[PDB]
file final-v1.txt (compact mmCIF, C-alpha atoms)
# COMPACT_ATOMS: atom_id res chain seq x y z
CA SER A 2 15.39 7.96 -2.46
CA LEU A 3 15.60 11.62 -3.47
CA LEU A 4 12.14 12.82 -2.60
CA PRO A 5 10.25 12.14 0.64
CA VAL A 6 7.36 9.70 0.38
CA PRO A 7 4.51 10.46 0.97
CA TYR A 8 5.23 13.46 -1.24
CA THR A 9 2.80 16.38 -1.02
CA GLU A 10 2.97 19.46 -3.24
CA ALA A 11 0.57 22.36 -3.71
CA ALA A 12 -0.57 22.57 -7.30
CA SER A 13 -2.87 24.37 -9.72
CA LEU A 14 -4.11 22.57 -12.85
CA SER A 15 -5.98 23.47 -16.02
CA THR A 16 -6.19 22.19 -19.58
CA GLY A 17 -2.60 21.74 -20.75
CA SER A 18 -1.09 21.02 -17.32
CA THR A 19 1.09 17.93 -16.94
CA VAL A 20 2.24 16.19 -13.75
CA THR A 21 5.41 14.16 -14.33
CA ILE A 22 6.66 11.55 -11.87
CA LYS A 23 9.75 9.30 -11.97
CA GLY A 24 10.09 6.55 -9.43
CA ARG A 25 10.63 2.87 -8.74
CA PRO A 26 8.58 0.30 -6.79
CA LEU A 27 9.99 -0.65 -3.39
CA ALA A 28 9.34 -4.39 -3.91
CA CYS A 29 9.14 -6.99 -6.66
CA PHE A 30 5.80 -7.26 -8.46
CA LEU A 31 5.22 -10.65 -6.80
CA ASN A 32 4.76 -8.73 -3.51
CA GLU A 33 2.14 -6.40 -5.07
CA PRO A 34 3.55 -2.98 -4.08
CA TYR A 35 1.21 -0.03 -4.65
CA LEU A 36 1.60 3.44 -6.09
CA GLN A 37 -1.02 6.12 -5.59
CA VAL A 38 -1.33 9.65 -6.95
CA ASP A 39 -4.19 11.74 -5.51
CA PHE A 40 -5.39 15.13 -6.83
CA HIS A 41 -6.83 16.90 -3.76
CA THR A 42 -9.13 19.92 -3.43
CA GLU A 43 -7.30 21.22 -0.31
CA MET A 44 -3.88 20.89 1.28
CA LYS A 45 -5.14 18.54 4.01
CA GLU A 46 -4.84 14.80 3.31
CA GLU A 47 -8.47 14.25 4.35
CA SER A 48 -9.81 16.66 1.72
CA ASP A 49 -11.77 15.51 -1.32
CA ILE A 50 -9.97 13.85 -4.22
CA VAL A 51 -10.91 14.78 -7.77
CA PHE A 52 -8.82 11.93 -9.19
CA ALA A 53 -7.20 9.04 -7.32
CA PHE A 54 -4.89 6.84 -9.43
CA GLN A 55 -3.86 3.62 -7.65
CA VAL A 56 -1.53 1.03 -9.18
CA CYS A 57 -1.23 -2.44 -7.74
CA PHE A 58 1.95 -3.30 -9.65
CA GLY A 59 1.56 -6.47 -11.73
CA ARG A 60 -2.14 -6.76 -10.91
CA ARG A 61 -4.48 -3.84 -11.67
CA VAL A 62 -5.11 -0.11 -11.61
CA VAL A 63 -8.15 1.43 -9.94
CA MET A 64 -9.27 5.04 -10.30
CA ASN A 65 -11.89 6.95 -8.36
CA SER A 66 -12.87 10.25 -6.79
CA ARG A 67 -13.68 11.02 -3.16
CA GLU A 68 -16.45 13.60 -2.93
CA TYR A 69 -17.71 15.02 0.38
CA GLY A 70 -15.60 12.32 2.04
CA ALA A 71 -17.24 9.44 0.12
CA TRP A 72 -15.46 7.25 -2.42
CA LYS A 73 -17.48 7.23 -5.65
CA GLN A 74 -17.75 4.83 -8.59
CA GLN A 75 -14.51 2.87 -8.89
CA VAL A 76 -13.03 2.29 -12.37
CA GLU A 77 -10.61 -0.62 -12.93
CA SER A 78 -8.05 -1.41 -15.66
CA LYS A 79 -5.82 -4.47 -16.04
CA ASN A 80 -3.45 -2.64 -18.40
CA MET A 81 0.01 -3.05 -16.84
CA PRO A 82 2.76 -1.26 -18.78
CA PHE A 83 4.91 -0.99 -15.64
CA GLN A 84 7.91 -3.34 -15.70
CA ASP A 85 8.94 -5.50 -12.73
CA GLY A 86 11.94 -4.04 -10.90
CA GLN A 87 12.31 -1.03 -13.20
CA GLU A 88 12.14 2.71 -12.83
CA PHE A 89 9.01 4.16 -14.43
CA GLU A 90 8.12 7.55 -15.88
CA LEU A 91 4.48 8.52 -15.31
CA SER A 92 2.84 11.57 -16.92
CA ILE A 93 -0.66 12.77 -16.08
CA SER A 94 -1.90 15.41 -18.52
CA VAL A 95 -5.05 17.50 -18.10
CA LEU A 96 -7.12 17.36 -21.28
CA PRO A 97 -10.37 19.32 -21.73
CA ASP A 98 -12.57 16.35 -20.78
CA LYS A 99 -10.31 13.93 -18.91
CA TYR A 100 -6.91 13.07 -17.47
CA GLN A 101 -4.48 11.25 -19.76
CA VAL A 102 -2.02 8.89 -18.02
CA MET A 103 1.16 8.13 -19.97
CA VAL A 104 3.49 5.37 -18.75
CA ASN A 105 7.01 5.27 -20.19
CA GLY A 106 5.74 7.29 -23.16
CA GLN A 107 2.61 5.28 -24.02
CA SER A 108 -0.98 6.27 -23.31
CA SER A 109 -2.17 3.79 -20.72
CA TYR A 110 -5.20 5.10 -18.77
CA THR A 111 -7.80 7.86 -19.05
CA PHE A 112 -10.29 9.18 -16.51
CA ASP A 113 -13.06 11.64 -17.40
CA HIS A 114 -13.28 14.76 -15.26
CA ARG A 115 -15.90 14.41 -12.56
CA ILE A 116 -14.95 17.77 -11.06
CA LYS A 117 -13.22 20.60 -12.90
CA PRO A 118 -9.42 20.26 -12.55
CA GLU A 119 -9.36 23.90 -11.40
CA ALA A 120 -10.66 22.54 -8.07
CA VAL A 121 -7.27 20.90 -7.42
CA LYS A 122 -5.01 22.53 -4.83
CA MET A 123 -2.62 19.70 -3.92
CA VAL A 124 -1.14 16.49 -5.34
CA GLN A 125 0.06 13.65 -3.15
CA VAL A 126 2.20 10.72 -4.32
CA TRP A 127 2.53 7.86 -1.87
CA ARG A 128 2.55 4.07 -1.14
CA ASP A 129 5.34 1.63 -2.01
CA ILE A 130 7.65 3.64 -4.26
CA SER A 131 10.85 5.61 -4.22
CA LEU A 132 10.47 8.95 -5.95
CA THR A 133 13.18 10.80 -7.87
CA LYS A 134 11.23 13.42 -9.83
CA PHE A 135 7.96 15.30 -9.40
CA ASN A 136 7.14 18.20 -11.72
CA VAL A 137 4.01 20.20 -12.57
CA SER A 138 4.15 22.11 -15.85
CA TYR A 139 3.25 25.75 -15.19
CA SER B 2 10.44 7.26 12.03
CA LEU B 3 12.91 5.18 14.03
CA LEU B 4 13.10 2.05 11.95
CA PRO B 5 13.51 1.87 8.17
CA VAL B 6 10.44 0.79 6.22
CA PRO B 7 10.36 -1.70 4.53
CA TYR B 8 11.88 -3.37 7.58
CA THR B 9 13.47 -6.80 7.04
CA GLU B 10 14.86 -8.95 9.85
CA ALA B 11 16.10 -12.54 9.88
CA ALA B 12 14.08 -14.61 12.31
CA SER B 13 13.50 -18.11 13.66
CA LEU B 14 10.07 -19.06 15.06
CA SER B 15 8.56 -21.96 16.98
CA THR B 16 5.69 -22.49 19.40
CA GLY B 17 5.99 -19.74 22.01
CA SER B 18 7.67 -17.15 19.76
CA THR B 19 6.16 -13.66 19.62
CA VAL B 20 6.77 -10.88 17.09
CA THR B 21 5.96 -7.46 18.55
CA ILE B 22 5.56 -4.35 16.40
CA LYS B 23 4.79 -0.73 17.36
CA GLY B 24 3.99 1.75 14.65
CA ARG B 25 1.61 4.34 13.27
CA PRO B 26 -0.17 4.66 9.90
CA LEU B 27 1.26 7.28 7.56
CA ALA B 28 -2.19 8.60 6.56
CA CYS B 29 -5.70 9.02 7.94
CA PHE B 30 -7.97 5.98 7.65
CA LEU B 31 -10.04 7.81 5.02
CA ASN B 32 -7.03 7.39 2.67
CA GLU B 33 -6.87 3.61 3.32
CA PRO B 34 -3.17 3.21 4.22
CA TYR B 35 -1.92 -0.39 4.38
CA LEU B 36 0.25 -2.36 6.78
CA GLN B 37 1.71 -5.71 5.85
CA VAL B 38 3.73 -8.24 7.84
CA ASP B 39 5.12 -11.20 5.85
CA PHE B 40 6.72 -14.34 7.33
CA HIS B 41 9.17 -15.52 4.63
CA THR B 42 10.93 -18.86 4.10
CA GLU B 43 14.16 -17.18 2.85
CA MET B 44 15.88 -13.82 3.17
CA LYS B 45 14.94 -12.77 -0.38
CA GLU B 46 11.72 -10.75 -0.76
CA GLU B 47 10.55 -13.03 -3.59
CA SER B 48 10.68 -16.15 -1.40
CA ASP B 49 7.57 -17.98 -0.24
CA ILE B 50 5.42 -16.52 2.54
CA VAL B 51 4.06 -18.81 5.23
CA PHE B 52 1.82 -16.05 6.60
CA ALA B 53 1.02 -12.68 5.03
CA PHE B 54 -0.97 -10.29 7.26
CA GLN B 55 -2.28 -7.25 5.37
CA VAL B 56 -4.29 -4.46 7.02
CA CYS B 57 -6.23 -1.95 4.98
CA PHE B 58 -6.76 0.47 7.87
CA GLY B 59 -10.44 1.23 8.44
CA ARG B 60 -11.56 -1.31 5.83
CA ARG B 61 -10.43 -4.94 6.14
CA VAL B 62 -7.66 -7.41 6.88
CA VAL B 63 -6.66 -10.16 4.45
CA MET B 64 -4.36 -13.07 5.25
CA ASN B 65 -2.79 -15.60 2.92
CA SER B 66 0.28 -17.67 2.12
CA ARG B 67 2.42 -17.65 -1.01
CA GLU B 68 3.62 -21.16 -1.83
CA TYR B 69 5.96 -21.94 -4.74
CA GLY B 70 5.38 -18.34 -5.82
CA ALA B 71 1.57 -18.67 -5.93
CA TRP B 72 -0.82 -16.84 -3.61
CA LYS B 73 -3.15 -19.39 -2.00
CA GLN B 74 -6.62 -19.18 -0.44
CA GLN B 75 -7.20 -15.66 0.85
CA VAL B 76 -8.88 -15.20 4.25
CA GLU B 77 -10.63 -11.90 5.06
CA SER B 78 -11.73 -10.25 8.33
CA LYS B 79 -13.57 -6.96 8.85
CA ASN B 80 -12.47 -6.74 12.50
CA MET B 81 -10.83 -3.32 12.83
CA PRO B 82 -9.42 -2.67 16.32
CA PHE B 83 -6.89 -0.17 14.91
CA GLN B 84 -7.74 3.44 15.77
CA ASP B 85 -7.62 6.28 13.22
CA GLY B 86 -4.50 8.42 13.65
CA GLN B 87 -3.14 6.44 16.60
CA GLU B 88 -0.04 4.42 17.32
CA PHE B 89 -0.77 0.69 17.49
CA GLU B 90 0.88 -2.24 19.22
CA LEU B 91 0.68 -5.48 17.22
CA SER B 92 1.73 -8.88 18.61
CA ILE B 93 1.88 -12.05 16.53
CA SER B 94 2.33 -15.15 18.68
CA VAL B 95 3.11 -18.65 17.38
CA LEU B 96 0.68 -21.15 18.90
CA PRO B 97 0.88 -24.91 18.22
CA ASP B 98 -1.76 -24.79 15.47
CA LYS B 99 -1.96 -21.16 14.36
CA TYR B 100 -0.74 -17.58 14.64
CA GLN B 101 -2.49 -15.36 17.18
CA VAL B 102 -2.64 -11.64 16.29
CA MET B 103 -3.11 -9.28 19.25
CA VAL B 104 -3.89 -5.60 18.60
CA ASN B 105 -3.46 -3.18 21.51
CA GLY B 106 -3.78 -6.14 23.88
CA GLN B 107 -6.90 -7.80 22.43
CA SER B 108 -7.00 -10.98 20.35
CA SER B 109 -8.09 -9.83 16.92
CA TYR B 110 -7.13 -12.37 14.21
CA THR B 111 -5.98 -15.97 13.94
CA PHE B 112 -4.52 -17.91 11.02
CA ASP B 113 -3.98 -21.68 11.08
CA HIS B 114 -0.51 -22.88 10.15
CA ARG B 115 -0.36 -23.98 6.53
CA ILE B 116 3.40 -24.58 6.78
CA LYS B 117 5.32 -25.26 9.98
CA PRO B 118 6.55 -21.95 11.48
CA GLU B 119 10.03 -23.50 11.65
CA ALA B 120 10.16 -22.84 7.89
CA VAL B 121 10.36 -19.08 8.57
CA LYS B 122 13.73 -17.39 8.06
CA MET B 123 12.77 -13.72 7.68
CA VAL B 124 10.03 -11.25 8.64
CA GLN B 125 9.28 -8.14 6.61
CA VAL B 126 7.12 -5.22 7.77
CA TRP B 127 6.18 -2.72 5.10
CA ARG B 128 3.55 -0.48 3.40
CA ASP B 129 2.15 2.78 4.79
CA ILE B 130 3.42 2.89 8.36
CA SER B 131 6.11 4.39 10.50
CA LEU B 132 7.77 1.80 12.71
CA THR B 133 9.23 2.40 16.17
CA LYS B 134 9.64 -1.12 17.56
CA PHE B 135 10.22 -4.59 16.14
CA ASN B 136 11.08 -7.47 18.47
CA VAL B 137 11.16 -11.27 18.19
CA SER B 138 11.07 -13.14 21.49
CA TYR B 139 13.99 -15.60 21.57
call {"tool": "encode", "arguments": {"input": "final-v1.txt", "output": "structure tokens"}}
result
Amino acid sequence: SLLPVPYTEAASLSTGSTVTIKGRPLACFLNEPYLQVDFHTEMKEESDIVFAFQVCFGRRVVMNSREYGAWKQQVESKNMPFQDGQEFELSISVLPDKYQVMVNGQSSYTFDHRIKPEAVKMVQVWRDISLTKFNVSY
Amino acid sequence: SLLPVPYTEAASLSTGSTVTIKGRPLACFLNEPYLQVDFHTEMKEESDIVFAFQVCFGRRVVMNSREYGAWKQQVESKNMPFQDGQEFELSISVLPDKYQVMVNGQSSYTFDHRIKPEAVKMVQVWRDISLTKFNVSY
């Protein structure tokens, strides 16, 4: 809808930064749409990813990093606070030791920093969603 | 680009029908964009799927059916004729006993009919691609 998808925005992050996203899946959960949010070290899409957050709606979440072009140790969660057919509000906050992922106001996932968040230069939001809000607290 | 994505078109299929698609992934293969083509029994996206063809570009292809709302036995192929960053031409032909998937003019995947192709009423093409051509031979 309102924002282009894939959505790419330059960004700087440190402890206390929050990335807030509002959007809606493009398909019912039965069709397993995805959402992905990638925290990149450079503006190019092929650059390393300090934190990749990938939702398969109704099924699972996987998180990982891509370092020197290589995907690293995948982490999986079956927590699924997202609601079929509904708009969601997603908040990713930078804590001292990890990212905190809030969904609709509830803590839902965490991911320990593998690389300092100060390495981030770009955030990309893509896959099977419409996007109405993207904000980085500065 | 030219066609909306997700792209949904009513369709009737029988032996000798061909569905031809031209498109391009929205991201480099390192980012694992998807392409999916679903042959549905009704116009609604939640209806059963006689043949679901899902490409994870650079990684794998999985194929399945969704019958009475339940995904069935998944089939996987690591054949990857798609080229990183390039437009592709995909042809799905209905043979008497199976679907034949051509990629850029080469036979690449097959999938035996689990349900008669005459059950199809709709084709949907979606996930991380731009779409410039969609044609059903009639």
call {"tool": "interface_residues", "arguments": {"input": "final-v1.txt", "of": "chain A", "to": "chain B", "cutoff": "9 Å", "atoms": "all atoms listed in the file", "output": "number ranges by chain"}}
result
A: 7, 27-32, 34-35, 46-47, 70-71, 127-129
call {"tool": "write_last_selection", "arguments": {"input": "final-v1.txt", "atoms": "C-alpha atoms", "output": "mmCIF file, in the frame of the given file"}}
result
data_model
loop_
_atom_site.group_PDB
_atom_site.id
_atom_site.type_symbol
_atom_site.label_atom_id
_atom_site.label_comp_id
_atom_site.auth_asym_id
_atom_site.auth_seq_id
_atom_site.Cartn_x
_atom_site.Cartn_y
_atom_site.Cartn_z
ATOM 1 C CA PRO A 7 4.510 10.460 0.970
ATOM 2 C CA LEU A 27 9.990 -0.650 -3.390
ATOM 3 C CA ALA A 28 9.340 -4.390 -3.910
ATOM 4 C CA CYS A 29 9.140 -6.990 -6.660
ATOM 5 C CA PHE A 30 5.800 -7.260 -8.460
ATOM 6 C CA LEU A 31 5.220 -10.650 -6.800
ATOM 7 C CA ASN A 32 4.760 -8.730 -3.510
ATOM 8 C CA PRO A 34 3.550 -2.980 -4.080
ATOM 9 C CA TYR A 35 1.210 -0.030 -4.650
ATOM 10 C CA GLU A 46 -4.840 14.800 3.310
ATOM 11 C CA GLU A 47 -8.470 14.250 4.350
ATOM 12 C CA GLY A 70 -15.600 12.320 2.040
ATOM 13 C CA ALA A 71 -17.240 9.440 0.120
ATOM 14 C CA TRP A 127 2.530 7.860 -1.870
ATOM 15 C CA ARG A 128 2.550 4.070 -1.140
ATOM 16 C CA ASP A 129 5.340 1.630 -2.010
#
call {"tool": "closest_residue", "arguments": {"input": "final-v1.txt", "among": "A:9, A:78, A:19, A:138", "to": "residue 93 of chain A", "atoms": "all atoms listed in the file"}}
result
A:19
call {"tool": "residues_around", "arguments": {"input": "final-v1.txt", "residues": "residue 25 of chain A", "least_positions_apart": "4", "cutoff": "9 Å", "atoms": "only C-alpha atoms", "output": "MDAnalysis selection string"}}
result
chainID A and resid 86:90 129:133
call {"tool": "atom_distance", "arguments": {"input": "final-v1.txt", "atom1": "atom CA of residue 81 of chain A", "atom2": "atom CA of residue 53 of chain A"}}
result
17.0 Å
call {"tool": "residues_near_point", "arguments": {"input": "final-v1.txt", "point": "(0.1, -9.3, -11.1)", "cutoff": "8 Å", "atoms": "all atoms listed in the file", "output": "PyMOL selection string"}}
result
chain A and resi 30-31+33+57-61
call {"tool": "atom_distance", "arguments": {"input": "final-v1.txt", "atom1": "atom CA of residue 43 of chain B", "atom2": "atom CA of residue 120 of chain B"}}
result
8.6 Å
call {"tool": "atom_distance", "arguments": {"input": "final-v1.txt", "atom1": "atom CA of residue 11 of chain A", "atom2": "atom CA of residue 122 of chain A"}}
result
5.7 Å
call {"tool": "residues_around", "arguments": {"input": "final-v1.txt", "residues": "residue 95 of chain A", "least_positions_apart": "4", "cutoff": "9 Å", "atoms": "all atoms listed in the file", "output": "list in words"}}
result
residues 14, 15, 16, 17, 18, 19, 20, 99, 100, 101 and 118 of chain A
call {"tool": "write_last_selection", "arguments": {"input": "final-v1.txt", "atoms": "C-alpha atoms", "output": "PDB file, in the frame of the given file"}}
result
ATOM      1  CA  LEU A  14      -4.110  22.570 -12.850  1.00  0.00           C
ATOM      2  CA  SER A  15      -5.980  23.470 -16.020  1.00  0.00           C
ATOM      3  CA  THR A  16      -6.190  22.190 -19.580  1.00  0.00           C
ATOM      4  CA  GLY A  17      -2.600  21.740 -20.750  1.00  0.00           C
ATOM      5  CA  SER A  18      -1.090  21.020 -17.320  1.00  0.00           C
ATOM      6  CA  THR A  19       1.090  17.930 -16.940  1.00  0.00           C
ATOM      7  CA  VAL A  20       2.240  16.190 -13.750  1.00  0.00           C
ATOM      8  CA  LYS A  99     -10.310  13.930 -18.910  1.00  0.00           C
ATOM      9  CA  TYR A 100      -6.910  13.070 -17.470  1.00  0.00           C
ATOM     10  CA  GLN A 101      -4.480  11.250 -19.760  1.00  0.00           C
ATOM     11  CA  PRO A 118      -9.420  20.260 -12.550  1.00  0.00           C
TER      12      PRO A 118
END
call {"tool": "decode", "arguments": {"input": "final-v1.txt", "residues": "segment 63-82 of chain A", "atoms": "N, CA, C and O atoms", "output": "PDB file, in the first residue's frame"}}
result
ATOM      1  N   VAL A  63      12.487 -17.605  11.676  1.00  0.00           N
ATOM      2  CA  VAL A  63      13.902 -17.953  11.716  1.00  0.00           C
ATOM      3  C   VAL A  63      14.711 -16.663  11.729  1.00  0.00           C
ATOM      4  O   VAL A  63      14.323 -15.655  11.132  1.00  0.00           O
ATOM      5  N   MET A  64      15.832 -16.692  12.440  1.00  0.00           N
ATOM      6  CA  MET A  64      16.699 -15.532  12.570  1.00  0.00           C
ATOM      7  C   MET A  64      18.130 -15.974  12.312  1.00  0.00           C
ATOM      8  O   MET A  64      18.506 -17.110  12.612  1.00  0.00           O
ATOM      9  N   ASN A  65      18.926 -15.086  11.736  1.00  0.00           N
ATOM     10  CA  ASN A  65      20.282 -15.476  11.375  1.00  0.00           C
ATOM     11  C   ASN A  65      21.071 -14.207  11.085  1.00  0.00           C
ATOM     12  O   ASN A  65      20.546 -13.095  11.155  1.00  0.00           O
ATOM     13  N   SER A  66      22.353 -14.387  10.798  1.00  0.00           N
ATOM     14  CA  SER A  66      23.208 -13.334  10.294  1.00  0.00           C
ATOM     15  C   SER A  66      23.871 -13.868   9.035  1.00  0.00           C
ATOM     16  O   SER A  66      23.960 -15.079   8.826  1.00  0.00           O
ATOM     17  N   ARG A  67      24.320 -12.959   8.179  1.00  0.00           N
ATOM     18  CA  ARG A  67      25.066 -13.326   6.979  1.00  0.00           C
ATOM     19  C   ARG A  67      26.381 -12.570   7.048  1.00  0.00           C
ATOM     20  O   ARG A  67      26.392 -11.339   6.987  1.00  0.00           O
ATOM     21  N   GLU A  68      27.480 -13.301   7.207  1.00  0.00           N
ATOM     22  CA  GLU A  68      28.770 -12.707   7.529  1.00  0.00           C
ATOM     23  C   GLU A  68      29.762 -13.133   6.459  1.00  0.00           C
ATOM     24  O   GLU A  68      29.903 -14.331   6.185  1.00  0.00           O
ATOM     25  N   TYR A  69      30.409 -12.146   5.829  1.00  0.00           N
ATOM     26  CA  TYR A  69      31.280 -12.384   4.673  1.00  0.00           C
ATOM     27  C   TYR A  69      30.557 -13.204   3.607  1.00  0.00           C
ATOM     28  O   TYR A  69      31.127 -14.096   2.974  1.00  0.00           O
ATOM     29  N   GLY A  70      29.273 -12.902   3.416  1.00  0.00           N
ATOM     30  CA  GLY A  70      28.456 -13.569   2.417  1.00  0.00           C
ATOM     31  C   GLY A  70      27.929 -14.940   2.785  1.00  0.00           C
ATOM     32  O   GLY A  70      27.262 -15.569   1.950  1.00  0.00           O
ATOM     33  N   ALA A  71      28.189 -15.426   3.994  1.00  0.00           N
ATOM     34  CA  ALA A  71      27.800 -16.770   4.411  1.00  0.00           C
ATOM     35  C   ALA A  71      26.734 -16.698   5.496  1.00  0.00           C
ATOM     36  O   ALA A  71      26.954 -16.071   6.534  1.00  0.00           O
ATOM     37  N   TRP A  72      25.594 -17.362   5.275  1.00  0.00           N
ATOM     38  CA  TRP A  72      24.615 -17.487   6.348  1.00  0.00           C
ATOM     39  C   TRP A  72      25.210 -18.281   7.506  1.00  0.00           C
ATOM     40  O   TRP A  72      25.909 -19.275   7.297  1.00  0.00           O
ATOM     41  N   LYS A  73      24.941 -17.833   8.734  1.00  0.00           N
ATOM     42  CA  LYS A  73      25.551 -18.443   9.915  1.00  0.00           C
ATOM     43  C   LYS A  73      24.571 -19.383  10.604  1.00  0.00           C
ATOM     44  O   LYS A  73      23.763 -20.030   9.935  1.00  0.00           O
ATOM     45  N   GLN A  74      24.629 -19.473  11.930  1.00  0.00           N
ATOM     46  CA  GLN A  74      23.818 -20.439  12.659  1.00  0.00           C
ATOM     47  C   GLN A  74      22.377 -19.949  12.749  1.00  0.00           C
ATOM     48  O   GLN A  74      22.097 -18.935  13.393  1.00  0.00           O
ATOM     49  N   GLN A  75      21.466 -20.674  12.114  1.00  0.00           N
ATOM     50  CA  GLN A  75      20.064 -20.283  12.131  1.00  0.00           C
ATOM     51  C   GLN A  75      19.456 -20.549  13.505  1.00  0.00           C
ATOM     52  O   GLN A  75      19.766 -21.553  14.152  1.00  0.00           O
ATOM     53  N   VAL A  76      18.604 -19.627  13.958  1.00  0.00           N
ATOM     54  CA  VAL A  76      17.797 -19.779  15.164  1.00  0.00           C
ATOM     55  C   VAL A  76      16.331 -19.809  14.744  1.00  0.00           C
ATOM     56  O   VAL A  76      15.920 -19.023  13.884  1.00  0.00           O
ATOM     57  N   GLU A  77      15.540 -20.703  15.346  1.00  0.00           N
ATOM     58  CA  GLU A  77      14.133 -20.855  14.989  1.00  0.00           C
ATOM     59  C   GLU A  77      13.249 -20.698  16.221  1.00  0.00           C
ATOM     60  O   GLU A  77      13.626 -21.110  17.318  1.00  0.00           O
ATOM     61  N   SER A  78      12.068 -20.100  16.033  1.00  0.00           N
ATOM     62  CA  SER A  78      11.039 -19.964  17.057  1.00  0.00           C
ATOM     63  C   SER A  78       9.690 -20.302  16.441  1.00  0.00           C
ATOM     64  O   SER A  78       9.408 -19.914  15.303  1.00  0.00           O
ATOM     65  N   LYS A  79       8.853 -21.029  17.179  1.00  0.00           N
ATOM     66  CA  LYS A  79       7.486 -21.277  16.730  1.00  0.00           C
ATOM     67  C   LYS A  79       6.479 -20.331  17.365  1.00  0.00           C
ATOM     68  O   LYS A  79       5.274 -20.514  17.169  1.00  0.00           O
ATOM     69  N   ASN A  80       6.939 -19.351  18.145  1.00  0.00           N
ATOM     70  CA  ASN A  80       6.050 -18.324  18.671  1.00  0.00           C
ATOM     71  C   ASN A  80       5.399 -17.577  17.512  1.00  0.00           C
ATOM     72  O   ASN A  80       6.083 -17.132  16.587  1.00  0.00           O
ATOM     73  N   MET A  81       4.076 -17.453  17.531  1.00  0.00           N
ATOM     74  CA  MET A  81       3.357 -16.862  16.400  1.00  0.00           C
ATOM     75  C   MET A  81       2.282 -15.916  16.911  1.00  0.00           C
ATOM     76  O   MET A  81       1.083 -16.215  16.853  1.00  0.00           O
ATOM     77  N   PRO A  82       2.683 -14.746  17.413  1.00  0.00           N
ATOM     78  CA  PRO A  82       1.691 -13.755  17.857  1.00  0.00           C
ATOM     79  C   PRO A  82       0.939 -13.084  16.720  1.00  0.00           C
ATOM     80  O   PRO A  82      -0.120 -12.492  16.970  1.00  0.00           O
TER      81      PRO A  82
END
